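First comes one chain, alone, set out as structure tokens in the form deposited in one PDB entry.
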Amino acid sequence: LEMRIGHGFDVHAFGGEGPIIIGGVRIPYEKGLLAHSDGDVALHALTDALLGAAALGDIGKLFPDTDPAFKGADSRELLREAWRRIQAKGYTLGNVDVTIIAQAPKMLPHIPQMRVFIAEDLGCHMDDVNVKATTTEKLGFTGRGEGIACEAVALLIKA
């Protein structure tokens, strides 16, 4: 038994029109998220946290621009594939915690469904998955409504 820590961080800019996808959940909003991907900043930060704990340790690094298959690419696919590769190295899940940093939209109603998705994608109990949100009280690029940031931490177990 041995435990390993990981940390992830991601940002996307608002652009065009909604909805956005956060933690796998389609959330109504006036603006959309600019990206190659989903624009799922929650699942990107989480993915990086998991890869970092297993020392693998980018999504850039274990997917270099394939591009495409990949416009509106499903970030849940990225998450599950990253997870397969982490498990092949012998790791199992301790727990994850995710912090969405956004002035808006309101994340709280969608968090239980985010957790369902993440727990499915990682093959764990929901009690191993926490998600929260915070505003930056109108400060910074998140505060001015210019984009959304997310942080994530992960704990991994190896037999």
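Sequential numbering from 1, following the sequence displayed. Think of the rigid core as the biggest set of C-alphas that the two forms share within 1.5 Å after superposition.
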Selected stretch [higher average CA B-factor]: 109-117 or 63-71: 63-71
Comparing 31-39 with 92-100, the one whose average Cα B-factor in the PDB entry is higher: 31-39
CA B-factor placement of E146, once the chain's modelled residues are sorted into thirds: lowest
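What follows is about the form deposited in another entry, which we do not show.
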Core-aligned C-alpha movement of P28 between this form and the one not shown, 2 Å or more: no
Core-superposed C-alpha of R84 shifting 2 Å or more between this form and the one not shown: no
Threshold 2 Å Cα movement between this form and the one not shown at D67, rigid core reference: yes
Distance trend in the other form - C-alpha atoms of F70 and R85, change of 3 Å or more: closer
Cα-Cα shift for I59 and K71, closer or farther in the other form, minimum 3 Å: closer
